[PDB]
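Each remark here refers to the structure printed beneath this line.
Computed from the coordinates by the stated procedures, all read-outs in this text should not be read as laboratory data. Every residue, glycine as well, gets a Cβ built from its backbone with ideal geometry; the counts of neighbours run over all protein chains shown.
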Amino acid sequence: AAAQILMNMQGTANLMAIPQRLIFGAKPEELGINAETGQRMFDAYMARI
Amino acid sequence: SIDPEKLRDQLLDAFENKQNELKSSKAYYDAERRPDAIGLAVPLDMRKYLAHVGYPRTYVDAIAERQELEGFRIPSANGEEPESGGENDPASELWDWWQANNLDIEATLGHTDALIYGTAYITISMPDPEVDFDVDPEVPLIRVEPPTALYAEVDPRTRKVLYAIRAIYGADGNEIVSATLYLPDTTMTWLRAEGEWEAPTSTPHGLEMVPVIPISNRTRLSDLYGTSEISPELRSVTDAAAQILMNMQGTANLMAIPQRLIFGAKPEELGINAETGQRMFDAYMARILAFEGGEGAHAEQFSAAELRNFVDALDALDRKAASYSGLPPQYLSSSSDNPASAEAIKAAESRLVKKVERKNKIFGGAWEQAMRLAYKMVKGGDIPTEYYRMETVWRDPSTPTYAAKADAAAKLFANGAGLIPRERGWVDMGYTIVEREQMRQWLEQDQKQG
Amino acid sequence: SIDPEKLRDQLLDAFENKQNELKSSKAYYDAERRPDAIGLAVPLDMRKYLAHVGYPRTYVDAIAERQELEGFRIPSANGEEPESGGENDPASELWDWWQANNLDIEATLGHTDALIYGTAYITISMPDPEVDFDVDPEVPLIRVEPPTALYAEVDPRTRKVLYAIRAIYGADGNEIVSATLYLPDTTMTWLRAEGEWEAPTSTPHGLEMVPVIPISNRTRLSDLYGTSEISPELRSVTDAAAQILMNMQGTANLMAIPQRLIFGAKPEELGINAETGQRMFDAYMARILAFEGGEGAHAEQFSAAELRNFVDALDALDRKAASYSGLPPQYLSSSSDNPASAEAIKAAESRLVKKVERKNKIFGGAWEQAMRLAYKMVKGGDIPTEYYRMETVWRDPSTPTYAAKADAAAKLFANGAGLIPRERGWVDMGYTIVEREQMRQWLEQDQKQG
């Protein structure tokens, strides 16, 4: 029983212990997604609005 | 009979495949990049920032650190005297060879090799003054070899070694620079190896017995080769804790800060330079930003991640790692409380001290078996039967509590009138075999006075 | 046999190759800038503000400062001097040379470099009155040298040094000013290596051994050459802490305060100067700003980032650095549970104290051999066999607790009617071998007066 709880808890930290961030209404083309890859590079540093 | 040049190659291939198991245990005691430790949430360009964890090293140290040998006890000869002391007793003879070889250094290393890898090898050999020019030439050379250098076939029936090989590498390419075979009645060494072999430098010996004795970390009958002490439970808790550190560190680099956003604003109204996609916000405190209404615009932020939502999981894995190892709770920093009193200390390490008292017996068996062999080497004849009954004497592996030992022992002895003979009090105080053999003189030098 | 001019060039190449490794572990104890320490969330200019973390400095200091040698034991051929007579005995003979060379100063540093880089060397010489001064001409000149200035190759089979080179740089000139090559048959030195490379001064010596011996931090028999005490395990947490600390230090400049916004009127209607994009909000404390507020205007703010999200992660990493190093929990400031009891101190010290006793043994094994070489060099004959049985005596690394030992010792001795001889009372009370042999004189003065 404790083996199962430990394994779920460990897996949760790999997948689910982090908030997941969504944007609605935004057209992928207006956000400038590179359409053959599906990504664009968010430069993350400090307070960039 | 068996071909010794066949045995050379056959055992060398047996050893060289065996080393691959040992690398999987080395990789916990010193922190290599284990593949299972990588925290999966960290993005691929940050996966190089490895988190390392000290549980396996801490556990192997805390056991092998407490162990120390005081001396050898051989039971009394004809008429059964209390000790044969001062008259070159077999206890002081075996302890002389132990001192003269610095085995008080080489054993405390070699026991860690026996814990990490599950085995270590005691080689017993005649001095060769024409080859090693800085040892006492009267004393048998006893030296400890790690399982990354010596290998032995053990007979599963009698548990004697059948034969054993030793090999070593002399170059950065790790080509063998020499190899040595130990056989029931001889040893052979090839002075160069792995192609271009030299002639076998040879030596017969008087024994029926192969001159290598294995220390092995046994924990059951069967299991006879012994095991790493870094058990599968502690391995899995080490790897699980490493993963959670990587995801927690990679969280701090990405999500400890709330990501600020604006919706409904045309970037060209905000004055974004279209080439860079950027505008230089003026950053100083208490600036108020002004915006035009745009679409009917508004601001919003993604939250930070709560970093402590990993920390209140690591605070579980420390308590697991404590319970699966039996360290005192404070060694893995798993308590706000700490031992206030002598009895709280004696209770808190009650697991670890018995783990160590168990290891003292299991390695004691190998050190007796080594010294009985060293006697047959140097004294040449068959062994006198009291040696089959010898015992290693180890330190008390607990933390010393001298004030609570002293006002107990003094109260038992009560100036000779009390419950114990004088020199039982000396061994309750933990004075070693040598310390007690010395105090007979100082006591006599005080007994001259009045 | 071997070309000495060749061997000098060859060993300078081998010596420089070692510095490429040592530059990586130096950088943790000196806390130079490291690639892994930079806080990734901090912008490309603010990455100048490094955040050096002191765990390696702390952990090596807290070992190297506990260590102290206090004498030598040489178990005599049995007689009226079992260990000493008080003058003209082997124990005094070595302690004279230890004092005359100030090795109490030098070897305290030598252990530090040996823990940082993983090894350091003892070089033993006769003094030359044509070259060296302020040393007693009849004692052997003993120096300890770090691996940043000396390299020694080991025969892997015998585990003894084959040859070694001391390489001295011209300080800021970044060039070798002199080099000295030690052989089993001789030393040899090329007194200048800047401008023209000068001819060698040889000096023969009577030993079979080469006159250098390594101190090594060898934790385990498989570590055939010494290894740094600043383990990969502790390096990872040192660098991980620096990232968290630097991400906090960036956040405390940009993000610790809310950012205020207004979404209503156009800049010209807000009275903003159109050229500069600013107005002087005359913000003395009580004043109310008023706005015409067209098209359903509103004001709002992005939150401050909660800096305690990073503090929770620094507290977690401090609990880890305590657990890996085995320092007392107070030395990391990791928890406030100050051990306010005589026995609770022994508990909190227990793992650091015991670790230091193992470093004392492993370095004591080298300091024995340095004195065996020094005696063999000075007296010329092969050494009396009791020097192969020598033992270094080290000061107890536990914090004094003088009053707890004091009551205990007096309770045991009981004005001479007690359990132990007076002399053992002094040993357990922790006075050094020099204090013991000095204190005997005052006891004779007191008894002679009555």
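For chain C, the dipole from Cβ point charges (+1 on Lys and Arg, -1 on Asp and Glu) about the Cα centre works out to 1600 debye, to the nearest 20. Ordered by the number of other Cβ atoms lying within 10 Å of each residue's own Cβ, fewest first, C:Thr158, A:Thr37 fall into the sequence A:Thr37, C:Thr158.
Specify the inter-centroid distance of the range C:317-371 and the range B:22-45, based on alpha-carbon positions, in whole Å. With the range C:317-371 and the range B:22-45 each reduced to a Cα centre, they are spaced 28 Å. Peptide B:326-337 has a mean of 4 when you count, residue by residue, the C-beta atoms of other protein chains within 10 Å of its C-beta. Mean projected area of the Cα convex hull of the range C:368-450, taken over all directions, amounts to 8.5 nm². Working note: 222 nm ellipticity from helices only, DSSP H runs with n ≥ 4, each -39,500 (n - 2.57), summed and divided by the residues of chain A, gives -9000 deg cm²/dmol to the nearest 500. When the P(r) is computed for chain A, the part past 12 Å accounts for 77% of the Cα-Cα pairs. If one computes P(r) from the Cα atoms of the range C:101-233, what percent of pairs lie at distances over 24 Å? Everything past 24 Å amounts to 36 percent. For the range B:116-170, what relative contact order do you get, as a whole percent, if you take Cα pairs closer than 8 Å and at least 6 residues apart? Result for the range B:116-170 is 29 percent. Specify whether the C-alpha gyration tensor of the range B:305-433 places it in the rounded, prolate or oblate class, a ≥ b ≥ c being the square roots of the eigenvalues: rounded for a/c under 1.5, otherwise prolate if a/b is larger than b/c and oblate if not. Verdict is oblate for the range B:305-433.
Please give me the summed charge of the neighbours of B:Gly425: other residues whose Cβ is under 11 Å from its Cβ, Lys and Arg +1, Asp and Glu -1. Net charge around B:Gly425: +3. For C:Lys448, the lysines whose Cα comes closer than 24 Å to its Cα, not counting residues fewer than 8 places off in the same chain, are B:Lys448. Per residue of peptide C:290-302, the mean number of Cβ atoms on other chains within 10 Å of the residue Cβ is 2. From the P(r) of the protein assembly as shown, could you give the percentage of C-alpha pairs in the tail past 55 Å? Value for the protein assembly as shown: 27 percent of Cα pairs lie more than 55 Å apart. On the beta carbon distance between B:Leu191 and C:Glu16, with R0 = 41 Å, the FRET formula returns roughly 0.85. Once you have a ≥ b ≥ c as the square roots of the Cα gyration tensor eigenvalues for the range B:171-214, tell me rounded if a/c is under 1.5, and otherwise prolate or oblate according to whether a/b is larger than b/c. Oblate. Each of B:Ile215, B:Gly226, B:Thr251 was scored by the projection of its Cα onto the charge dipole of the range B:164-272, and the greatest displacement toward the positive side belongs to B:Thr251; charges sit on the C-beta of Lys, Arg, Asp and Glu. Annotation: the antiparallel percentage among DSSP beta bridges lying fully within the range C:65-165 is about 100. In whole angstrom, the range C:240-315 maps to an equivalent ellipsoid with semi-axes of 36, 14, 12, each derived as √(5λ) from the alpha carbon gyration tensor and ordered largest first.
Among C:87-100, B:53-66, C:70-83, the peptide with the highest mean count of other Cβ atoms within 10 Å heads the list, and the full ranking is B:53-66, C:87-100, C:70-83.
Residue-normalised convex hull volume from the C-alpha trace of the range B:185-318: 332 Å³ per residue. Convex hull volume of the Cα atoms of the range C:245-366, normalised per residue: 212 Å³. Cβ-to-Cβ counts within 10 Å put B:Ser222, C:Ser325 in ascending order as B:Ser222, C:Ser325, the fewest first. Helix content alone sets the calculated 222 nm mean residue ellipticity of chain B: runs of n ≥ 4 DSSP H residues at -39500 (n - 2.57) each, divided across all residues, give -12500 deg cm²/dmol. For B:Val154, the amide hydrogen comes within under 5 Å of the amide hydrogens of B:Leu162, counting only partners 5 or more places away or on other chains and with H modelled in the peptide plane. Taking other Cβ atoms within 10 Å as a rough exposure proxy, B:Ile176, B:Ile116 sort from fewest to most as B:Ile176, B:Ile116. About its Cα centre, the dipole of chain A is roughly 160 debye, where the only charges are +1 on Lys and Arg Cβ and -1 on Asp and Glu Cβ. The C-alpha atoms of chain B define a longest principal axis, and helix B:232-252 lies at about 30 degrees to it.
Using every pair of separate Cα atoms, the Kirkwood estimate puts the hydrodynamic radius of chain C at 27.6 angstrom. Taking every alpha-carbon pair under 8 Å whose residues sit at least 6 apart, the range C:145-299 reaches a relative contact order of 11 percent. One quarter of the surface of the convex hull around the alpha-carbon atoms of the range B:1-152 equals 15.9 nm², the direction-averaged projected area.
Between B:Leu352, B:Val378, B:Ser341, the Cα set farthest toward the positive side of the dipole of the range B:338-380 (charges on each charged residue's Cβ, about the Cα centre) is that of B:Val378.
Springs between Cα atoms under 10 Å define the GNM used for chain C, and in it the highest mean-square fluctuation of C:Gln369, C:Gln301, C:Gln67 occurs at C:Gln301. Mean-square fluctuations from a GNM of chain C, with a 10 angstrom spring cutoff on Cα atoms, peak among C:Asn102, C:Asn273, C:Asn174 at C:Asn273. For a straight C-alpha distance cut-off of 17 angstrom, the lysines reachable from B:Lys160 (same-chain residues fewer than eight places away being disregarded) are B:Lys376.
Relative contact order of chain B: 19 percent, from C-alpha pairs under 8 Å at least 6 residues apart in sequence.
For the cross-link pairs B:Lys320/B:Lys354; B:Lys266/C:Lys266; B:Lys354/B:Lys411; C:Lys18/C:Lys359; B:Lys346/C:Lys354; C:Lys18/C:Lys361, the ones whose C-alpha atoms lie over 18 Å apart are B:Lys320/B:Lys354; B:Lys354/B:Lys411; C:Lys18/C:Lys359; C:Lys18/C:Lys361. Pairwise inverse Cα distances across the range B:216-283, averaged and inverted, put the Kirkwood hydrodynamic radius at 18.0 Å. In terms of the Cα gyration tensor, with a ≥ b ≥ c the square roots of its eigenvalues, is the range B:109-177 rounded because a/c is under 1.5, prolate because a/b exceeds b/c, or oblate? Oblate shape, in that a/c is at least 1.5 and b/c is the bigger or equal ratio. Diffusion coefficient (Stokes-Einstein, Kirkwood radius over C-alpha pairs, 10 °C, 1.306 mPa s) for the range B:49-126: 102 µm²/s, rounded to a whole number.
Taking C:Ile257, C:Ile244, C:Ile142 as the candidate residues, the one with maximal mean-square fluctuation in a Gaussian network model of chain C, Cα springs under 10 Å, is C:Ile257. Output the 0 to 90 degree angle, nearest 10, between the alpha-carbon long axis of helix C:4-29 and the longest principal axis computed from the alpha carbons of chain C. For helix C:4-29, the angle is close to 40 degrees.
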